[PDB]
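Structure first, then comments.
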Amino acid sequence: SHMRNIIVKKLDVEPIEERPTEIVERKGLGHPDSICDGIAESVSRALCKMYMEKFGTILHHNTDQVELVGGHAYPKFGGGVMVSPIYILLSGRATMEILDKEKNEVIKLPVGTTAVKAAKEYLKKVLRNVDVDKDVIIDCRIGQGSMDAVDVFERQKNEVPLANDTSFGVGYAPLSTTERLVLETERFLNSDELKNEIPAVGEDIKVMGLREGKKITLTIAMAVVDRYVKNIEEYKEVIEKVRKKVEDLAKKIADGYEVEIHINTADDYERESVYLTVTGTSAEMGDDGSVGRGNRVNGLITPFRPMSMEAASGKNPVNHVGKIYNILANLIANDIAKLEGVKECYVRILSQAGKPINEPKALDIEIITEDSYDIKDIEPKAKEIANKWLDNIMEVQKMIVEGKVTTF
Amino acid sequence: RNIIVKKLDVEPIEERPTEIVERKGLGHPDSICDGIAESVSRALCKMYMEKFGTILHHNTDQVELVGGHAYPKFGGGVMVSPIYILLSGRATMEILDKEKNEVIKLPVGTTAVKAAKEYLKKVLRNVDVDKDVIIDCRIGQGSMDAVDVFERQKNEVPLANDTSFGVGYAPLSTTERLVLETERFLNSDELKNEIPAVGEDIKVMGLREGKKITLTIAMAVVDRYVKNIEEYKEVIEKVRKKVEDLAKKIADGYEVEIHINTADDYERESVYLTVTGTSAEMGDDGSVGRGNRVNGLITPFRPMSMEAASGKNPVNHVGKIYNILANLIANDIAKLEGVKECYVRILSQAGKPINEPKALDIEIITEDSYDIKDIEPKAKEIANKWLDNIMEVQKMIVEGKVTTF
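Line by line, the protein sequences give chains C and A. Under the authors' numbering, the first residue of the first sequence carries the number -1, and numbering increases by one thereafter. Under the authors' numbering, the first residue of the second sequence carries the number 2, and numbering increases by one thereafter.
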């Protein structure tokens, strides 16, 4: 009986698959932009766990500022050289010290050391061929603010925070064939199973998908680790080996479509100018990176779907509307898309400033129905799903801190 | 050429119930970074042209602003901690004299730091670039394979540096024009000279619901020009009236509400006061490609590209060229009779000439009682016209005749 501003509307347009063209991009884990997103969010999570240990609540912070400066290297067949380390600057702000006037005590939290440690551990986790001791410099200019113990006491209540702004979030489901193919391609090429078989495949993998009717062209930029290819011959074999595996993958999840696969199209086998790297990432020299310039929270870049321009990674998981709403929108859309009769679902949430974040000014649910289905039969199920997620909005916070949802 | 044209049968933008549009003004920390990034690129282009008569490889689309600290006060406050800015990205740092067998270093560092400081002085009137701002530089040499692609056919038609897409659309909706022109007006020299209290950090958000547009402005006020809270209120109300008169010009028929600095607390005198005219002094951070698209707007009800045009080289970086190109094509197609709305998406393939996109995608919402088959060939010609004159895009960018944010 709790009445929210939820809107369910029938959408009478062509579903995504029936539209003639589609363009989808994904920047893989080792791409400099995705490295920065990953670090930003890993630092946030680390700081959250820090605050939770000491106070049992999360204090205010935002670490959605991370700059990766390309290093210096000299790739060579058989093994190249890393000349200058990658430089990474951690920025943002985080609550550092707590002033307690009553008991006359001052607590200070390991903001800087936690941040640097978290960033370094994330790099070790994803980049197989980067020695973080010598190949990376992690610097930190995160602001260290103070806070009254009184406000900490209020935070420990863990009530639903009030929306500090009029902001929005957007999501949709399900993923189209192209979207699924782009996503799973990057995931597969960065899976441990494949790396074991083809160690030459670096983590800096970028996948572009172009659908023309029922034909999908995949264009892949794949950084090759030079110590695993002793000449151009072996380099070529890596490309064709990967190609065949991606062909097999496309036949599993995009059967019925015509699939074309292009890899490292900028290569020139004649001049021996190819996508060769020492560390398996263009972060080593070729390409710089920063936060919020790549994937959206659903892990994709989709100019045929609605996209928020806000960078979710590193944002305050407590009271940043944009981050929470973009994740929540994608969680709601995903569940509604499972409902019988729903072919396509779009969710948009708009906050009411001054009101709890789970009491939005408007939540729009647009549904393309399957044939012979009545939107009015779906609507009550859909509104229930939305209200359920809104009721459990604090659990969504936990999911983020526990890394159970993606921010890029 | 791979030019695709489609009729798009959806509700036009103005007829949609809800519309949200944002613009970050020139003084906003994110737009500062975008502007600095492009200023560095333009400067390096000029420097390379002077020494070699050609533009050498670079991509300075990386600028990080770490917020400083300040202490604003009625009549004039003071900075406490300087604003740290890091110039980053790629550039041709040196050339090898194979004949003399010596490396010759190019003035990238001095050129970049100078271009950065000059831009700040141009967009932030009340900043002291000596004590308020620190500008560091870590621009480095680009990879060997990237420079190779850049040099393969620079003399002919350049080869795409990468596989990327830009987007564009036309025309602008009433809400979009209102947001865009609101910021531009308040950040115009004519206005700021009239009302020196108006800082350049102006964020404008437009929320349309039906035929009602709520215009929300966050405007930094320069504290040296407001002696008290009363004078502060006078600035707010004076700007408000200016925006009202503007709304009557370009948003006739719409109920336009105007909210300025909604977080202000007049009782506690806790308002949007600044020393420098930017929230960069308030510990707020900024970086490149976190704000406006090349059309100058953030538009979730429109298609967008995540590529950041600012700082990228105007020679072979499709992430810049195609976003500018898509906008140019969209504008022309929108002029055609029968075209209500136009959407242009241009995809590259790394290694292929920039005038040979993997796909040049066009969508058109036709006016009522208009055939797409009549408009279709008109659209292709416009697209072909521009691809034939793709080198003019570089020219327009280097000559600073187009915005990147």
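Ideal placement from N, C-alpha and C gives every residue a C-beta, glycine not left out.
Exercise. Can you pull the DSSP bridge partners for A:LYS25?
Worked result: Note: A:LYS25 sits in a beta bridge opposite A:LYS204.
Problem set entry | A:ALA380: CB within 8 Å of a non-hydrogen atom of the ligand ZN | Among the components modelled here there is no ligand, and therefore nothing to report on the ligand ZN.
For this session: Would you mind reading off the limits of the alpha helix (DSSP H) that contains C:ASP333?
Result: Note, C:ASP333: alpha helix (DSSP H), 319 to 334.
Exercise. Start and end of the alpha helix (DSSP H) containing A:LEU45?
Worked result: Where A:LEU45 is concerned, the enclosing alpha helix (DSSP H) starts and stops at 30 to 53.
For this session: Show which residues of chain A have a CB atom less than 8 Å away from the CB atom of C:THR217.
Result: Against C:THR217, the close residues of chain A are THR164, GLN350, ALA351 and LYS359, in the order they occur along the chain (beta-carbon pairs closer than 8 Å).
Exercise. Can you list the residues of chain A that C:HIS70 reaches, using a CB-CB cut of under 7 Å?
Worked result: Chain-ordered, the chain A residues with CB closer than 7 Å to the CB of C:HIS70 read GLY141 and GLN142.
For this session: For the segment 323 to 339 of chain A, enumerate the residues whose C-beta is nearer than 9 Å to any C-beta of chain C, in chain order.
Result: For the segment 323 to 339 of chain A, which is checked against every Cβ of chain C, not one residue is closer than 9 Å.
Problem set entry | is_contact[residue 409 of chain C, chain A] using C-beta, thresh 9 Å | For residue 409 of chain C there is no data in the structure shown, the boundaries of chain C being -1 and 406.
Problem set entry | Test: C:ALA264 CB closer than 9 Å to a CB of chain A | Chain A contact via Cβ: present.
Problem set entry | Run of the alpha helix (DSSP H) containing C:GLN142, from where it starts to where it stops | Looking at the DSSP string, C:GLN142 is not in any alpha helix (DSSP H); the run it does join, the beta strand (DSSP E), is 141 to 146.
For this session: Answer with buried or exposed for A:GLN63, where buried requires no fewer than 16 other C-beta atoms within 10 angstroms of its C-beta.
Result: Its Cβ being crowded by 16 or more others within 10 Å, A:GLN63 is buried.
For this session: Return the chain-ordered list of same chain residues with a C-beta closer than 6 Å to the C-beta of A:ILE5, the five sequence neighbours on each side being excluded.
Result: Excluding sequence neighbours, A:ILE5 sits near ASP362.
Exercise. Secondary structure at A:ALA219, three-state DSSP: helix, strand or coil?
Worked result: A:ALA219: strand per DSSP, three-state reduction.
For this session: For the segment 253 to 271 of chain C and the segment 38 to 47 of chain C, state whether three or more C-beta atom pairs, one from each stretch, are separated by less than 8 Å.
Result: At 8 Å Cβ cutoff, the stretches do not touch.
Problem set entry | Beta-carbon proximity check, A:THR367 vs A:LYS336, cutoff 9 Å | Going by beta carbons, A:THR367 and A:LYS336 fall outside the 9 Å limit.
For this session: Note down, in chain order, all residues in the segment 65 to 97 of chain C with a beta-carbon under 9 Å from any beta-carbon belonging to chain A.
Result: Taking 9 Å as the Cβ-Cβ cut-off against chain A, the residues of the segment 65 to 97 of chain C that qualify are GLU65, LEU66, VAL67, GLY68, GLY69, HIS70, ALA71, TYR72, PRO73, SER82, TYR85, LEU87, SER89, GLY90 and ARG91.
For this session: Give the straight-line distance between the Cα atoms of residue 415 of chain C and C:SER288, rounded to the nearest whole angstrom.
Result: Because chain C is modelled from -1 through 406, residue 415 of chain C falls outside the range shown and cannot be assessed.
Exercise. Where are the beta strand (DSSP E) runs, 3 residues long or more, that stay fully inside the segment 62 to 120 of chain A, in chain order?
Worked result: Listed in chain order, the complete beta strand (DSSP E) runs (minimum 3 residues) inside the segment 62 to 120 of chain A are 70 to 72, 79 to 82, 84 to 92, 95 to 98 and 103 to 106.
For this session: Return the bridge partner residues of A:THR367 from the DSSP annotation.
Result: A:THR367 pairs with A:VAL340.
Exercise. So, is the C-beta of A:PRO159 closer than 9 Å to a C-beta in chain C?
Worked result: Answer no: the Cβ-Cβ gap between A:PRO159 and chain C never drops below 9 Å.
For this session: With 9 Å as the threshold, decide whether the Cβ of A:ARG153 is near any Cβ in chain C.
Result: Cβ-Cβ to chain C under 9 Å: yes for A:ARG153.
Problem set entry | Option nearest A:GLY69 by Cα separation, candidates A:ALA327, A:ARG153, A:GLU256 and A:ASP129 | Ranked by Cα distance from A:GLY69, the first of A:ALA327, A:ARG153, A:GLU256 and A:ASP129 is A:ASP129.
Problem set entry | Distance, C:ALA310 Cα to C:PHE186 Cα | For C:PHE186 and C:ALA310, the distance between alpha carbons rounds to 24 Å.
Problem set entry | Opposing strand residues paired with A:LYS7 [DSSP bridges] | DSSP output for A:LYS7 lists A:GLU364 as bridge partner(s).
For this session: Sort C:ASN162, C:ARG24, C:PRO301 and C:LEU9 by Cα distance to C:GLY292 and report the nearest one.
Result: Nearest C-alpha to C:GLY292: C:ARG24.
For this session: Give the straight-line distance between the Cα atoms of C:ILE135 and C:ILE84, rounded to the nearest whole angstrom.
Result: Cα to Cα, the separation comes out at about 6 Å.
Problem set entry | 9 Å Cβ cutoff, C:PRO315 in contact with chain A | Not an interface residue.
Problem set entry | Min CB distance A:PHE406 to chain C below 9 Å | So, not an interface residue.
Exercise. For C:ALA198, which residues of its own chain have a beta-carbon under 6 Å away from its beta-carbon, when the five flanking residues on both sides are left out?
Worked result: Sequence-distant partners of C:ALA198 (beyond 5 residues in either direction) whose C-beta falls short of 6 Å from its own C-beta, in its chain, are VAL222, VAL223, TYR226, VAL227 and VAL236.
Exercise. By the 10 Å Cβ neighbour count, where 16 or more other Cβ atoms means buried, how is A:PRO315 classified, buried or exposed?
Worked result: Buried.
For this session: List the residues of chain A that C:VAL11 touches, going by C-beta distances under 7 Å, in chain order.
Result: Result: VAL11.
Problem set entry | C:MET392 versus C:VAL158: straight-line alpha-carbon distance, rounded | One C-alpha to the other measures close to 7 Å.
Exercise. Is it true that the segment 209 to 219 of chain A meets the segment 243 to 259 of chain A, where meeting means three or more beta-carbon pairs spaced less than 8 Å apart?
Worked result: Verdict: yes, contact present.
Exercise. Taking C:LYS101 as the reference, which of C:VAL148, C:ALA71 and C:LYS7 has the closest Cα?
Worked result: Comparing Cα-Cα distances from C:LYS101 to each of C:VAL148, C:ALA71 and C:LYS7, the minimum goes to C:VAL148.
For this session: Tell me, to the nearest whole angstrom, how far the beta carbon of A:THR111 is from that of A:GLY90; I am working on the premise that it is less than 8 Å.
Result: Contact between A:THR111 and A:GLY90 does not hold, since their C-beta atoms are separated by about 16 Å, which reaches or exceeds 8 Å.
For this session: Quickly, what does DSSP pair C:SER288 with across the bridge? List them, please.
Result: Paired residues: C:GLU65.
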